[PDB]
C-alpha cells in the first residue's frame, strides 16, 4: 500500500519496546564495509548489550570508561556491541559546536569509519560496527543521539529510558547485576 500523502509505502512496523522483538536492522563492519545485522552479534542465548552513539555526543563519551568496565565485569555471560551512528554535534552544523571533537557530518561510510576510528583508539578490543548511511539501526532502535539496549534471543530485554543523563548506565548496570545474580548468586 502507498500513503497518498507521502507517496511512500505504508509503515506497519511498531516502534522497538521492551518485551518486543529486537529489530535485525542493518550495520556495517568497519574493516571492509561488509553488510551485517544486529542479530549477527548475538551468541546463542547470551544477552547482547547495544551502545549507540558518536564522539560528539557528550553523554555517550562520558560513560565510555564505565561501559568498558561493564564489559570486563559481565563478559562471562554477556556480549557487548557499540554502534557508531550519525554525529550528535557535527562541526559543520547550524549551531556552533564546543565539543572536544571536531567531526563534520558523515557524508559516506569512509567518513563514519574515520570518526569511529577516533573512538576505537579508546575502547581497545570492544566490538564496534557502523550504522548504515541510511541510519537503519538508529531508526529501528529509536537510538539517535545515544541509547543503550539489552537484547536476548531476538527479544528486547532492556530499553534505555529517555530522561536525565546518567541514569542509563546505572539502569543498565542494574539489569546486568540482576541477570548475573540469577546465574551465579549474589556477589558477597
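Residue numbers count along the first chain shown, from 1.
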item	value
Selected stretch [higher average CA B-factor]: 124 to 132 or 54 to 62	124 to 132
Between 137 to 145 and 25 to 33 (mean CA B-factor, as deposited), the higher	25 to 33
Largest Cα B-factor, entry values, listed residues 114, 96, 75, 105	96
Among 177, 18, 171, 165 - the residue whose C-alpha B-factor is largest in the record	165
Ranked C-alpha temperature factor of residue 81 among modelled chain residues, by third	lowest
Ranked C-alpha temperature factor of residue 70 among modelled chain residues, by third	middle
Residue 92 - Cα temperature factor, lowest/middle/highest third of chain	highest
Chain third (lowest, middle, highest) by recorded CA B-factor, residue given as residue 119	highest
